[PDB]
Amino acid sequence: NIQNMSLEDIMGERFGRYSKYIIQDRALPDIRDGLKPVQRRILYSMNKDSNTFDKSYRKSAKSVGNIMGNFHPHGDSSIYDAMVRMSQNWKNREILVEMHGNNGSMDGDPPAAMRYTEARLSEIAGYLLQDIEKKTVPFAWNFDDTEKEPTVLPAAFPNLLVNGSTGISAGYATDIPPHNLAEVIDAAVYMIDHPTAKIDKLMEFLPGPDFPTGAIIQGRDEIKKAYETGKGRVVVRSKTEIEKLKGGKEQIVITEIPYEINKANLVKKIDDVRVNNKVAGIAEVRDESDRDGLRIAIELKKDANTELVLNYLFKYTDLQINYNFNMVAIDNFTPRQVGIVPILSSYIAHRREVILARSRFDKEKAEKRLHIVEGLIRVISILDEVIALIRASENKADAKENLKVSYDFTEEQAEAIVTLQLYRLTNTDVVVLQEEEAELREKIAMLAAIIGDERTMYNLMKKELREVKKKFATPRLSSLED
Amino acid sequence: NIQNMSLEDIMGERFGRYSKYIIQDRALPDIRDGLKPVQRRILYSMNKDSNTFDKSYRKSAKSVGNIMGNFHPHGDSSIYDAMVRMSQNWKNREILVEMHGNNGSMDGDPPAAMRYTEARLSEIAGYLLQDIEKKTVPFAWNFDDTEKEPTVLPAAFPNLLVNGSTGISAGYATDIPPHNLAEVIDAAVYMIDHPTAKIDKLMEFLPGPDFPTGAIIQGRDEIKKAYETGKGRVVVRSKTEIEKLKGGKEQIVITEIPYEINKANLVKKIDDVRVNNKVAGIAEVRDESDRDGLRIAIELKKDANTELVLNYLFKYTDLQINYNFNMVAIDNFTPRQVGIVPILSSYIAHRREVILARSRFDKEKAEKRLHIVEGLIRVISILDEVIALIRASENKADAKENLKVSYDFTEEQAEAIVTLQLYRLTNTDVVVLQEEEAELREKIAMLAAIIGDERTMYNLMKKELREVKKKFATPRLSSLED
Amino acid sequence: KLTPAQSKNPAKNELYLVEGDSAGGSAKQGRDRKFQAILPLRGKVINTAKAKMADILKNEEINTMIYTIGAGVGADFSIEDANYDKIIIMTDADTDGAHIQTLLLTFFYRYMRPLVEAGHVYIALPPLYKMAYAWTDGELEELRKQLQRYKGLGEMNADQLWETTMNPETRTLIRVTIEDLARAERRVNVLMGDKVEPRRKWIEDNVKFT
Amino acid sequence: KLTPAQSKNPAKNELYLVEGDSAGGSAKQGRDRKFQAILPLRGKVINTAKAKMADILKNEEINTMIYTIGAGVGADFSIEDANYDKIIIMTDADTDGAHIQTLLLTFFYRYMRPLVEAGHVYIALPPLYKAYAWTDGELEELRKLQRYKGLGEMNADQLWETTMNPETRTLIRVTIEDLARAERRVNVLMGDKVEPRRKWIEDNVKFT
DNA sequence: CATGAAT
DNA sequence: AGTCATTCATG
DNA sequence: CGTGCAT
DNA sequence: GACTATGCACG
Ligand SMILES: Cc1c(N2CC[C@@H]([C@H](C)N)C2)c(F)cc2c(=O)n(N)c(=O)n(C3CC3)c12
Ligand SMILES: Cc1c(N2CC[C@@H]([C@H](C)N)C2)c(F)cc2c(=O)n(N)c(=O)n(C3CC3)c12
Ligand SMILES: [Mg+2]
Ligand SMILES: [Mg+2]
Ligand SMILES: [Mg+2]
Ligand SMILES: [Mg+2]
């Protein structure tokens, strides 16, 4: 039958569960890979399924279904919508999912349903997953308890800053804007050498946000405040041009708009200025954006104060808006309002753990092989005696004991020898083995040095970050003014 | 940049392309396994993916996704609605998909969407796929040209009649009702022994349809007509009882309704009768159906003529309906209107095909091995000289060659011998290998006989057919009259 | 929207407020139609302790739960006129299940306290595990002696729904009972109120992130 | 529901009839907005030979076509008061795509014949293969490959390049060569009576 | 008017 | 997560 | 107002 | 396949 419970006590218990959950496992990104859980499952799953940049696309529905069936136990709209954003290059500075077909526009029109589209991981997504298969990252059981999944990705580049996040939980929310990949890495590499670096210096590398939508960012002072506190209010203003027209008439032309603004609504909200004659001079508003270039033409009347019009629009529409940094993320399981330094340090910290784990893994693998190779080298000088010894044994286990006892092979060596296929007795070439052995010792050394010496490890961390920068680097898009 | 086609010409190619596909590859079932393409894919896919009756249910969306990405190039709603129908035991006499959650009701209310439900194949579904891995049935490429898929399933039971089909293409449509499994099999067994059997005789075994919803089927003449020509109007009528209520009142109590009739719509339609007093004497219409019984109660006024009412309802509602047979199916790629005899005949022809295929496969395997086992038996007799020759060999290729040349091994025996792991040399027990040589021969004999003796084969077919029946048979649900 | 019971009986009749249209259908199928009604809640429910009373009376669910309990809302609330004896909240045992229970409770408290006060507002506990069924990790270890981990009502058949959670003679219920009217006000307002700071703090003070 | 051209010009302007809201979007995004309008056909177009003219009128897809072309329907139809120089039907190169072409055409024949007879009705041919190929033949030339399953797997950049760009696109112009044989063919394949159809299919479709 | 795979 | 329209044959 | 994962 | 309404935090 029934159990009694207090309203005071129940509201506490329930909202506590929701609060906690929606905080650490839904809305806020992890401070290391910069992903929300659903974003991480998307990538991890598409990757496990070999749905990568170098292979053919793949019905979006197939992907969504596997995500839902193996890892993320929620609606498919949530999963597919997440996956679509990751493909929209006007939201991500560096898109993580490539998608064939109608995946929305800047006009905000609905993307084709997963029934219609195909997808695969972008090449750069590759790097967020690099070394996932080498025990570099803490895993966990999925809801089924049928499959382990990663709790954070290796992150070969610092994705939190490059692609940003956003961002509404319970008690906390988040807004972190996109950043230039090359800049972010430069900042990171500096701080690697200079742990105690201060914001003023980092800003010689990380000047500020780089929106994939371009435009002009204004507020060097508020940018520092944000990079320091996690909060700040900068200004974003549309890139414009003036074209002289026939009849002595001038025409305003917008070619970049502020991050997260609907080109289509803008244009309506602007022609509403014309229509309500809110400022004098507007002949016609015209979207002329096409598949290769955004372009809003504002045509003016015969004698119209074009600097008057242009100003009025900035002030009273979204041709100019204020972006608000609010950089919250999950650090050690808790939500932390954080600025550029907590972030980069956390990234570095993380990359340190991966590279250490990665190296421990690869070394162990290499020792094991070396051990075998050492055994094979002996076996060759005693090929026949060994064969005779196996012939003379009764079964597999008896064979290995005779191998151990008569020639001091180790269990692992004995097993290797005893499980060689007959044809091997034809490739009896010790030089090539000695070559492998050498190669191996050399490798084990390089790896041992990383594990044994912080500065050697940090040089790798740096070597690698540069490789990524060299490969994925692109020009700034947003210009900066103070 | 511009080509001219006539109306008569375009209208022709288009409707032809479409008509054909809709007939062969959409609406009509294959006469052998009684499945439409979508359904076959649902089954094959889920089965390939180990999503079976003895294993835990998978999220419906995962299944649907894999079907879409792998085999079926159409909407996910089509695929899921198909899946959900195979799971509803008031549509299928023997259900092929087990589904957890809201998969609908007899009140025709909407099933939970594929994000909510989970599924596996039913145990009997297993038997439609039995031996699919033994090259028993024609395969073809999927759209992707990445995967082969079956064009028809093995069908260890005659699904077309057990489960029926409907049924709307271009130029043709279909209505085949469900039949009792034990009965269909009795008829098939008979026809195996008596190829030229006549309908009148067959109907001794297969008297008429057996609806999963039960009810009364009236019209032995028209049933016979349909089994002869594939067409026939029959009458289906609700199972009713008359309870005596207090006050000299009566209650009509409905407990089974006609196939394909929505319970909730019925109850409304009956009430519209009471409300309009189209006929006199209805007191209350009351659905009393619960999770484990169908029951509609029609309470009558004291002094109402209960036969008069019951007849009115049978006539002017769906409390009684006419079921029309219209048995079209796909035989040799073409649509074909067909009765009980070409159906059973085609099923049998098919099972023959399968059993031969299956038997060739198994025997092909036993041969390949029996052949290796001879080789090994000989090697043991000359172990020393063989190890010597491999030792002399320059590499695998040469070793196999030297083996063939010097001792007359076949390539296959060569490959077996040369890929033995060293620890095999410990074994010189030929006797065990001989027990295997024997079991293999014996096995091959029995197989070959099946291939080469029509009677021996058909007996197999019957044996298996009866096993199926013993295992899955259930009692009739629908009663027959004329 | 609503699925009424068959026979009107303010003494037995139950109102089942169920999370989502689909589980609502599963419930419509497994109910005991004589005294059990079903009112699906189609998505997250409006926060009545955050929104204008205008936008609250325009809300599809709120409107249709005031006008089928038939006691009116607010000051004009007469417990004596109510049409069911028990109001039962049935959500998944997931976190957004938790969230919805929250949202609904704050509605009853704010605009129908007499109901909550009278001991007429319950919460159904669906089973967490099937090996038979178990509700407590402890109950699980006992069954393990002689596993599907339910992720929601969505994966239960009506047969199962009934047997474990709707059958009065089988189900565990939670009876929401206001122990101290003062603490309960502060609790509801911190967690559900328009003011963020308090709540952020409450979370910091109470939720163990580990 | 309609996405119109920017400027009115009944000598350049084009109405694209696209199968599905989704490919509707890709066309809206890839087009040249100055002279290309987009009307998404959302579902299977009503059969205008089988249905009552009552229903034909109350049909969304059908109204907005009459309204957008702005030339009146049936008897009161003036090619003169038109709105586009070309009317372009663009569907997936799949069977249901063909079916859709079939239904639109029977509408244009039965209720705007002038338009069809004046060669204003065309049919966009999307590529079948990915460079791009339309012919199992070109595919061979090219091999010295993604098999497209519909318009919905195409980026708006690609749509334009291959099938919306007047310069790069391959079109079909629908002509009425023998008014007599055309009415015969349309009424057979699309009419109320099934048996003539079945017969047609038996005689004309090669099941093999 | 429904039926059930399709858009 | 329901709602909405259409095709195709059929009686 | 609108954002993005959730229902 | 579009549409419709919520929560949560924040200018
Ligand atoms: C469009 C459309 C509809 N409607 C309703 C309005 C109607 C207009 C009149 N064509 C279109 C409609 F009512 C239902 C569906 C639908 O169920 N499934 N599964 C779909 O995929 N679609 C999309 C067409 C493919 C639907
Ligand atoms: C129910 C519901 C809605 N509505 C419309 C009315 C509204 C009222 C408040 N119940 C419910 C609604 F407007 C939108 C959705 C929705 O987008 N997606 N993706 C969904 O899954 N659902 C289902 C709830 C989960 C929706
Ligand atoms: Mg502004
Ligand atoms: Mg009748
Ligand atoms: Mg849930
Ligand atoms: Mg298509």
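Residues numbered from 1 in each chain as written, not as in the entry; some residues may be left out. Chains lettered and ligands numbered in written order. Heavy atoms only, no water. Residues with missing side-chain atoms left out of burial classes, pairs and counts.

- What the deposited record gives as its method is X-ray crystallography, and the resolution it gives is 3.240 Å.

1. Here we look at the overall build of chain C
Working step 1: Within chain C, the secondary structure is distributed over 8 helices and 8 strands.
Working step 2: Expected size for 210 residues packed as a compact globule is a radius of gyration near 17 Å; at 18 Å, chain C falls within 12% of this value.
Working step 3: C-alpha atoms of chain C, sized along the principal axes, occupy 55 × 50 × 30 Å. (Helix = DSSP H or I, 4+ residues; strand = E, 2+ residues; numbered from the N terminus. Rg over C-alpha atoms; globule rule 2.2 N^0.38 Å.)

2. Regarding the interface of chain A and chain C
Working step 1: Contacts between chain A and chain C engage 31 residues on the former and 37 residues on the latter.
Working step 2: Sorting the residues of the side of chain A that touches chain C by element identifies β1 (2–5), α1 (7–27) and β16 (334–337) of chain A as the ones contributing at least two each.
Working step 3: Among the elements that line the side of chain A that touches chain C, the one with the most residues is α1 of chain A, at 16 residues.
Working step 4: Its residues assigned to classes, the side of chain A that touches chain C shows 15 nonpolar, 11 polar and 5 charged.
Working step 5: The pairing of β1 of chain A with strand β8 (residues 173–176) of chain C spans 4 bridges and is parallel. Along β8 of chain C, the bridge assignment pairs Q3 of chain A with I174 of chain C. (Contact = heavy atoms within 4.5 Å. Nonpolar A, V, L, I, M, F, W, Y, C, P; charged D, E, K, R; others polar. Pairing = 2+ DSSP bridges.)

3. Quick notes on unusual backbone geometry
Working step 1: Put simply, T166 of chain A and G167 of chain A share a cis peptide bond, and its omega is -15°.
Working step 2: Turning to its location among the elements, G167 of chain A is positioned in strand β6 (residues 165–168).
Working step 3: Phi is positive for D408 of chain B, close to 70°, though the residue is something other than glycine.
Working step 4: As for its position among the elements, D408 of chain B is in the loop between α14 (396–407) and α15 (411–418).

4. Description of the packing of aromatic side chains
Working step 1: Geometrically, the ring pair formed by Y190 of chain A and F205 of chain A is tilted, given 5.0 Å between the ring centres and 40° between the ring planes. Remark: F205 of chain A occurs in the loop between α8 (199–202) and β8 (216–218) and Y190 of chain A occurs in helix α7 (residues 181–193); sequence separation between them is 15 residues.
Working step 2: When the ring of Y323 of chain A is compared with that of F325 of chain A, the centres are 5.4 Å apart and the planes differ by 85°; the resulting orientation is edge-to-face.
Working step 3: Taken together, the ring pairs in this structure connect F211, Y227, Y259, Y323 and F325 of chain A into an aromatic cluster.
Working step 4: A cation over a ring is seen here: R237 of chain B above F314 of chain B, with NZ or CZ 4.1 Å from the ring centre. (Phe/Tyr/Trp six-rings, centres within 6.5 Å; stacked < 30°, edge-to-face > 60°. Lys NZ or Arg CZ within 6 Å of the ring centre and 35° of its normal.)

5. Structural notes on the environment of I254 of chain B
Residue and element names in this part refer to chain B.
Working step 1: Inspection of the secondary structure puts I254 in strand β10 (residues 249–256).
Working step 2: The spatial distance from the C-alpha of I254 to the C-alpha of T240 is 4.6 Å, given a sequence separation of 14 residues.
Working step 3: Not counting residues up to four positions away in its chain, the partners in contact with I254 are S238, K239, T240, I270, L294, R295, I296, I298 and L319.

6. Quick notes on the sheet that holds strand β9 (residues 239–245) of chain B
Residues and elements named next belong to chain B.
Working step 1: The sheet built from 4 strands is open, its strands ordered β9-β10-β12-β11 with antiparallel pairing. Every interior strand has two partners, whereas the edge strands, β9 and β11 (282–287), have only one. Along the sheet, successive strands turn relative to each other by an average axial angle of 20°, direction set aside.
Working step 2: Relative to β10, β9 runs antiparallel, the two sharing 7 bridges. In the strand pairing of β10, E243 is matched with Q251.
Working step 3: Where helix α10 (residues 263–276) meets the sheet, it contacts β10, β11 and β12 (296–300), and its direction lies at approximately 170° from that of β11.
Working step 4: Set on the sheet, helix α11 (residues 306–316) makes contact with β9, β10, β11 and β12; between it and β10 the angle comes to about 30°. (Axes fitted to C-alpha atoms, helices over the stretch in contact; angles between N-to-C directions.)

7. Looking at helix α2 (residues 37–48) of chain B
Working step 1: Here α2 of chain B contains 12 residues, and its C-alpha end-to-end distance of 16 Å stays within 8% of the 16 Å for a straight helix at 1.5 Å per residue.
Working step 2: Taken from the residues just after α2 of chain B, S50 of chain B is the one with a positive phi, measuring 65°. (Expected span 1.5 Å × (residues − 1).)

8. Points about the interface of chain D and chain B
Working step 1: Taken residue by residue, the interface counts 36 residues in chain D and 30 residues in chain B.
Working step 2: Within the residue set of the side of chain D that touches chain B, elements represented by two or more residues are α4 (95–117), β4 (121–124), β5 (171–175), α7 (179–190) and α8 (194–204) of chain D.
Working step 3: Ranked by residues supplied to the side of chain D that touches chain B, first place goes to α4 of chain D with 9 residues.
Working step 4: By the bridge criterion, 5 bridges tie strand β1 (residues 2–6) of chain B to β5 of chain D in an arrangement that is parallel. Along β5 of chain D, the bridge assignment pairs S6 of chain B with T175 of chain D.

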